[PDB]
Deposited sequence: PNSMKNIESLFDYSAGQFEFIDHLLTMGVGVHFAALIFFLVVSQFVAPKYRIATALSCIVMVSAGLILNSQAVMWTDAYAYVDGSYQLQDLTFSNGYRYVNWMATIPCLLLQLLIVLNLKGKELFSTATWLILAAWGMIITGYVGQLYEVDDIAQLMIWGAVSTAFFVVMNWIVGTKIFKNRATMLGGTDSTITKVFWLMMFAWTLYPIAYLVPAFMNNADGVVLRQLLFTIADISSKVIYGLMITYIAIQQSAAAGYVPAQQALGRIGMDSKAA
């Protein structure tokens, strides 16, 4: 059902996808140690934001690791090219995992924004819009080989949820940044633009079967996911952590003031 299963891969292409995924694991588990150790320097009001990055690191790290092992299980070097064997490789597992990682990324943003009834109501609408976007995207990617028109349609429905979700995010950011301490009102605007850039890479990767239906396209989609994953989880995570420690320090939390 996926474009990955259509082609044989050169040693170069196969190895590069393997390296990308393996690097992904490395980066997320390395970042996982950073967030764990710096969590002691975050005040109790914001400590869950740092804990959420740890959850994200392990979740994304486990899926990338599963993808890497599935990649190597599925293909073998036969007559000069990596060819598909008994098992299959699919990007479908990422979609399933986004059901958990996307709410996590959104929740840590809400915490550093100083959201408190307001927090539960905003989290529910965000998670429902996020699940709507993920589910419609998952259905759409089932047709990336058999029905391009269907991929485009479910993609349009997914984009509508993405846009409304982004509008909720931006509205809350640009409204609640005045509550933010230690000059983090400036930082949070950059986090908004970082999310807009990084999350927009996922629907681009989704559209790869439409404009680059070949093995090089398979490499590109994995490259795009790698850039997007590192930017949206790791880089985003580090900015959320800085915002949490800076605000904690401005709020009189001694470990944060000493660590800075």
**Fill in**
The record leaves without C-alpha coordinates the deposited-sequence stretches 1-4, 121, 266-275
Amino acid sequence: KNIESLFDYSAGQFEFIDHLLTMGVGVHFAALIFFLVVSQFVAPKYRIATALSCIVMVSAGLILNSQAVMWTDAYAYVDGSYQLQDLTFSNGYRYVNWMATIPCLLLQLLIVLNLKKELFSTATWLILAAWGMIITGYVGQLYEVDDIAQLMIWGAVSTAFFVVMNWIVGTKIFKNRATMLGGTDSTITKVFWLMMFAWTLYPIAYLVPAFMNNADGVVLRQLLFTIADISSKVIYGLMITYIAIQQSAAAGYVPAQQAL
From here on, numbers count along this sequence of modelled residues.
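If you superpose the two forms and keep the largest set of C-alpha atoms that fall within 1.5 Å, you have the rigid core.
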**Message:** Comparing against the shown form in 7 other deposited structures of this protein, which stretch has the larger RMS C-alpha deviation after a rigid core superposition, 83-91 or 150-158?
**Reply:** 83-91
**Item:** Higher-scoring stretch by recorded Cα B factor average, 181-189 or 137-145
**Value:** 181-189
**Prompt:** Going by the B-factors listed in the PDB entry, is the mean over the C-alpha atoms higher for 29-37 or for 229-237?
**Reply:** 29-37
**Item:** Candidate set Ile127, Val163, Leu84, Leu107 [ranked by C-alpha B-factor, highest]
**Value:** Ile127
**Selection from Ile55, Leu62, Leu201, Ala210 [criterion: highest C-alpha temperature factor in the record]** = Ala210
**Item:** CA B-factor placement of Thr122, once the chain's modelled residues are sorted into thirds
**Value:** highest
**Asked** Should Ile168 be placed in the lowest, middle or highest third of its chain by the C-alpha B factor in the entry?
**Response** lowest
**Asked** Should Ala249 be placed in the lowest, middle or highest third of its chain by the C-alpha B factor in the entry?
**Response** highest
**Request:** Within this chain's modelled residues, let me know which third the CA B factor of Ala74 belongs to: lowest, middle or highest.
**Result:** lowest
**Item:** Lowest, middle or highest third - CA B-factor, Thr101
**Value:** middle
